Structures are given as C-alpha cells and as structure tokens.
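Shown next, in structure tokens, is the structure this report addresses.
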Amino acid sequence: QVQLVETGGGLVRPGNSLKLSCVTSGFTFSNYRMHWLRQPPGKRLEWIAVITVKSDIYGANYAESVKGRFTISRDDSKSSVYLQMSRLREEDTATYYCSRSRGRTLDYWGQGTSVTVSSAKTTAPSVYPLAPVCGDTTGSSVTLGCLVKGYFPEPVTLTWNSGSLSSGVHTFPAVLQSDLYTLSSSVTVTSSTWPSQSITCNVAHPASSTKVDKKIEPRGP
Amino acid sequence: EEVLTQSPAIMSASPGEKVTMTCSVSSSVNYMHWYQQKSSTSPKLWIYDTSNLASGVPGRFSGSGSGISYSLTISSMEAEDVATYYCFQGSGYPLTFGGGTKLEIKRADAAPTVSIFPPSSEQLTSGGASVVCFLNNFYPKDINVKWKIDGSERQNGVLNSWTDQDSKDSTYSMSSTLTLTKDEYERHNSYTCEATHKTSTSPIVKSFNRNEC
C-alpha cells in the first residue's frame, strides 16, 4: 500500500517561487531515493530531480532545465520529499509528480499536482446551461449541454447531477483564447428520463473559489 | 544525454491485432523500461529492465531489445490497452523518456449524433452569444464541421474541441462553438451546424431559427 500524494500546485507569476510537497504512505521512506518529474500539457514526461538516501551524500542531482533554480529536499521524519521552485517561467508550466525508485526503475508515482506559470488574471467561469431544441435523430434520446466560458487558469471540475450522471457524458478539453478558457460538456439520456427528472450541470473552479450549479430547463411544455 | 526516440508517434490497431512499437536510443543503454499513461494521469510502470512485466500487467505484453533498440509488443490488441506508452532509461543522468507512442483502437465506422444549441438567455444578458454544436460518438476521428448563418457559411468565430477516444465505446466526440456578438446574433435568424463524415455522403444538418427560440 505504497502511496504518494503531491500538493502545492497552483497558478503563479513568472519569477515567483512555489514549494511542492509529496507526502508518502506504505514503505519505509528513508530507505529509498525519491524524484520529482513533470509533464507540460501535450508533451512527454521529464525527469528533473533526485535526492539520495540520508546515508549516500551523493546528495541531489538535477536536470539542467531546473539546476540552480529548484531544490529537492527530504524530511524522513515526515516521510516526505519537497521541490522548492524559484525564478519560475512559463515553460515550467506542468503537472509535477514525485516518484520513488529502486535500482534503475521509478516504481511508484503520485497522482500529480498542477502548476501554471502565467501573467494572466485569475477569472471565475460563466456557466451556461444548454437546453435542446430537438430530441436525437434515432429516438428515444436527448442531448443536453453545459458551456463554461471565460475562466483562468485550468482546471474546472464539471459534473452532471453532482457526479451521479456519469454515463453518456462528453466533457471536452478546454481551449485557450485571449488568456481565457472555454470548455463544454454534453450528456445524452433516454427521452423518458428528461425532462421528467432533473438534470444539473455543476462547475467547480477552485482557483477562484467558485462552485456554480445550473439546472437544464426544457424550452416548452 | 541519452536521447530516446519512439516510433510511431501515434498508431491504431483493431482488436486481436499484433502491436509493435519501438524506442531508439542516441547511444547504448543496458536496460529499457516502459510506462503506460492513460488520459495524462499518473504513469504506471509497465515493463522494467527490458523484459519484465510489472505486477498486474497482462501476459499479452512483452518487452525486448538491447543496445540502442528496444520494443514493446502486444500479442493481441484489447480495448483496455488504449494509452500512451513511454520508454524510459534510468541508467544515466539526466534520466530520460521517449516522446511516447499513442496507441488507439479501431472499431466499426459510426455516424456522429449532431445537436445544436442556441445562446442561453444568461449569456445574452452579458453581451455575448455562443452557438454550440456537438458531434458525438463517431468513428473514425476525421470529421468536418460547417456553420451557416442565414444560409451563408461562417468561418471566423469558431472554436473546435475533440475528445480522446471514448473508454466505453471507442468513438470520438467533438464540440464546435461559434461565438458572435449579441448584436450580430440578433441580426440573423437561421443557425445551422453541418457535419461531414465518411459514414455518409450527405452532411448531417441541425438548425434552429433565433426568432422561434
């Protein structure tokens, strides 16, 4: 039951510093080398730093991309590894992971924590419910929509009926335009389920501390 | 550095088909490892030390190679194998990954279901007007969308977004959003989204007229 959990991610400005944490469960932390890696969106994974075990004094090693800007450290008593970042730039934007290794292999990773380095303003989304003009061409089925517009940074969390509606859903990757994102999502249900049962689009945007619910209303009787 | 190059960058295979992907290295390494990545989520160790499957990896997977050439093979493609596969050398600093092979699955061609949505009254209140069109559950991924406003093709103002292959049915979906001012939206009546897909010579056409709702 090895567990690794990164926290600390968030939006920061170019030149800022941010410290990431990785708390671990289910192995004897101090006996393993620990690493940070990252993946810019749409790009391959990148190894960026390793800290050896207390005894080595081989110390720490870094990718050149971060060397002399980032510092890896460990607290064995806390079973935790850290990445102190400084002098951040736009190309440091990525999901950051901590990993344990054995021999040549990185065996266990965390879930990732997301860091955005940007000068764009944090902006809460506008959330628009999309009511059908017609049932689907086959029967029998209807597609509803939710449009989420004008937010920054990623991510939003969208669900339908607080997550009870999971089947038949399509949530599209966000697209960036003029420092603002828009995303949409559709749900398809049997015509006998809607509008007789309520369907609601729920959008969380943690960066702007907002959570918006929007019921889909039928156009007519 | 040891530079890792994977071919092909992207591939598709029908279910039961034999899959091979390669990882070339700029200079010899002693062992190669492989990670499976679904949906840009946390990578899973797949194969370590060239040929050993990690715990729970199905026996249809195999790793081989030596020197500067490594491969991963799936004897019989399955739906659950849809992922991006990275090779990884951990023998010399900096530790490096290849650029991935994105592995998709083939299914039977499927026509999209097309749905169009007017600007919401809430959006109109704010001075803006988005018309939305979904092209859902189609295969193969290639697809054209066109917008017509009172019969006239509209190019500027459209933003498109495609999902990754669906995990329950192996189809793709696409959203197309036409953003206009409320004023221009209010200057016209017929809003039409047309989908052109290989499953038919005729486009799938969905419309509404603003002045009806």
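Ordering of the structure tokens sets the chain letters (A, B, ...); residue numbers start at 1 within each chain; ligands are numbered from 1 in the order shown.
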Residues of chain B no more than 9 Å from chain A, counting only C-alpha atoms: send them over as a VMD selection string.
chain B and resid 31 33 40 to 45 48 to 49 86 88 to 100 113 to 123 130 132 134 136 159 to 164 166 173 to 175 177 207 to 208 213
Near residue A:9, counting only C-alpha atoms, which residues have an atom at most 7 Å away, once you skip same-chain residues fewer than 4 positions from it, shown as number ranges by chain?
A: 20, 113-115
Dump as a PDB file, in the first residue's frame, selection limited to C-alpha atoms:
```pdb
ATOM      1  CA  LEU A  20       5.699  21.482  -3.615  1.00  0.00           C
ATOM      2  CA  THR A 113      -0.049  18.423  -8.756  1.00  0.00           C
ATOM      3  CA  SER A 114      -0.596  21.134 -11.417  1.00  0.00           C
ATOM      4  CA  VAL A 115       1.473  24.330 -11.657  1.00  0.00           C
TER       5      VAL A 115
END
```
Got a sec: who's within 6 Å of residue B:25, counting only C-alpha atoms, leaving out chain neighbours fewer than 2 positions off, as a list in words?
residues 3, 4, 27 and 68 of chain B
Please produce a file of those selected residues containing C-alpha atoms, as a compact mmCIF listing (two decimals), in the first residue's frame.
```txt
# COMPACT_ATOMS: atom_id res chain seq x y z
CA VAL B 3 18.02 10.65 -26.21
CA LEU B 4 15.09 8.31 -26.72
CA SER B 27 23.79 5.72 -27.56
CA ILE B 68 20.24 1.22 -28.89
```
Taking the chain letters and numbering used in this document, name the residues of stretch 26-61 of chain A that DSSP puts in strand (DSSP E), as a PyMOL selection string.
chain A and resi 34-39+46-51+60-61
Take the residues from that selection and write them out as a CSV table (one decimal), in the first residue's frame, keeping N, CA and C atoms.
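Below is the file that was written, selection29.csv:
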```
chain,number,residue,atom,x,y,z
A,34,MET,N,14.2,9.4,-4.0
A,34,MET,CA,12.9,10.0,-4.3
A,34,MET,C,13.2,11.0,-5.4
A,35,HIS,N,12.2,11.3,-6.3
A,35,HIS,CA,12.5,12.1,-7.5
A,35,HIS,C,11.3,13.0,-7.7
A,36,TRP,N,11.6,14.2,-8.4
A,36,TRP,CA,10.5,14.9,-9.0
A,36,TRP,C,10.6,14.8,-10.5
A,37,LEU,N,9.5,14.8,-11.1
A,37,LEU,CA,9.3,14.8,-12.6
A,37,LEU,C,8.2,15.7,-12.9
A,38,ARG,N,8.1,16.0,-14.2
A,38,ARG,CA,7.0,16.9,-14.7
A,38,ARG,C,6.5,16.6,-16.1
A,39,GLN,N,5.4,17.0,-16.5
A,39,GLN,CA,4.9,16.9,-17.8
A,39,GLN,C,4.1,18.1,-18.2
A,46,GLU,N,9.3,14.3,-18.1
A,46,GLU,CA,10.6,14.9,-18.0
A,46,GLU,C,11.1,14.6,-16.5
A,47,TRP,N,12.2,14.0,-16.4
A,47,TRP,CA,12.8,13.8,-15.0
A,47,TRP,C,13.6,15.1,-14.6
A,48,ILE,N,13.4,15.6,-13.4
A,48,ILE,CA,14.0,16.9,-13.1
A,48,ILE,C,14.9,16.9,-11.9
A,49,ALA,N,14.6,16.0,-10.9
A,49,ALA,CA,15.5,16.0,-9.8
A,49,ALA,C,15.4,14.7,-8.9
A,50,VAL,N,16.5,14.3,-8.3
A,50,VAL,CA,16.6,13.1,-7.4
A,50,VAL,C,17.3,13.5,-6.1
A,51,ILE,N,16.8,13.0,-5.0
A,51,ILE,CA,17.6,13.1,-3.7
A,51,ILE,C,17.9,11.7,-3.2
A,60,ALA,N,22.1,15.3,-4.2
A,60,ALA,CA,21.0,15.6,-5.0
A,60,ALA,C,21.5,15.8,-6.4
A,61,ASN,N,20.7,15.4,-7.4
A,61,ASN,CA,21.1,15.7,-8.8
A,61,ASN,C,19.9,16.3,-9.5
```
All residues 12 Å or closer to residue A:77, only C-alpha atoms, same chain fewer than 4 positions away omitted, as a PyMOL selection string:
chain A and resi 23-24+28-30+54+81
Atom pair atom CA of residue A:52 / atom CA of residue A:98: separation (Å)
13.6 Å
For residue B:101, work out the shell of residues within 8 Å, counting only C-alpha atoms and skipping chain neighbours fewer than 6 positions away, then give it as number ranges by chain.
B: 6-11, 21, 84-86
Keeping only N, CA and C atoms, write the selected residues to a file as a PDB file, in the first residue's frame.
```pdb
ATOM      1  N   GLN B   6      10.786   7.436 -30.021  1.00  0.00           N
ATOM      2  CA  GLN B   6       9.809   6.411 -30.232  1.00  0.00           C
ATOM      3  C   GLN B   6       9.084   6.521 -31.590  1.00  0.00           C
ATOM      4  N   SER B   7       8.867   5.385 -32.244  1.00  0.00           N
ATOM      5  CA  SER B   7       8.090   5.302 -33.468  1.00  0.00           C
ATOM      6  C   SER B   7       7.067   4.180 -33.298  1.00  0.00           C
ATOM      7  N   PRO B   8       5.871   4.369 -33.867  1.00  0.00           N
ATOM      8  CA  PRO B   8       5.344   5.628 -34.435  1.00  0.00           C
ATOM      9  C   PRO B   8       4.875   6.493 -33.304  1.00  0.00           C
ATOM     10  N   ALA B   9       4.770   7.810 -33.521  1.00  0.00           N
ATOM     11  CA  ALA B   9       4.228   8.738 -32.505  1.00  0.00           C
ATOM     12  C   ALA B   9       2.803   8.379 -32.116  1.00  0.00           C
ATOM     13  N   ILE B  10       2.059   7.851 -33.080  1.00  0.00           N
ATOM     14  CA  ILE B  10       0.644   7.555 -32.921  1.00  0.00           C
ATOM     15  C   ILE B  10       0.305   6.380 -33.847  1.00  0.00           C
ATOM     16  N   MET B  11      -0.510   5.482 -33.325  1.00  0.00           N
ATOM     17  CA  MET B  11      -0.938   4.318 -34.104  1.00  0.00           C
ATOM     18  C   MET B  11      -2.294   3.835 -33.625  1.00  0.00           C
ATOM     19  N   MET B  21       5.814  -1.431 -31.034  1.00  0.00           N
ATOM     20  CA  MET B  21       6.278  -0.052 -31.044  1.00  0.00           C
ATOM     21  C   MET B  21       7.742  -0.068 -30.625  1.00  0.00           C
ATOM     22  N   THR B  84      -1.061   5.948 -23.876  1.00  0.00           N
ATOM     23  CA  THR B  84       0.246   6.335 -24.349  1.00  0.00           C
ATOM     24  C   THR B  84       1.319   5.575 -23.555  1.00  0.00           C
ATOM     25  N   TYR B  85       2.257   5.017 -24.316  1.00  0.00           N
ATOM     26  CA  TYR B  85       3.365   4.238 -23.808  1.00  0.00           C
ATOM     27  C   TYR B  85       4.648   5.036 -23.941  1.00  0.00           C
ATOM     28  N   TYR B  86       5.317   5.236 -22.817  1.00  0.00           N
ATOM     29  CA  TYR B  86       6.638   5.844 -22.808  1.00  0.00           C
ATOM     30  C   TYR B  86       7.770   4.891 -22.510  1.00  0.00           C
TER      31      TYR B  86
END
```
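Interatomic distance, atom CA of residue A:11 against atom CA of residue A:79: 26.3 Å.
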For the helix (DSSP H, G or I) assignment from backbone DSSP, which residues of stretch 122-212 of chain B qualify? Please present them as number ranges by chain.
B: 122-125, 182-185, 210-212
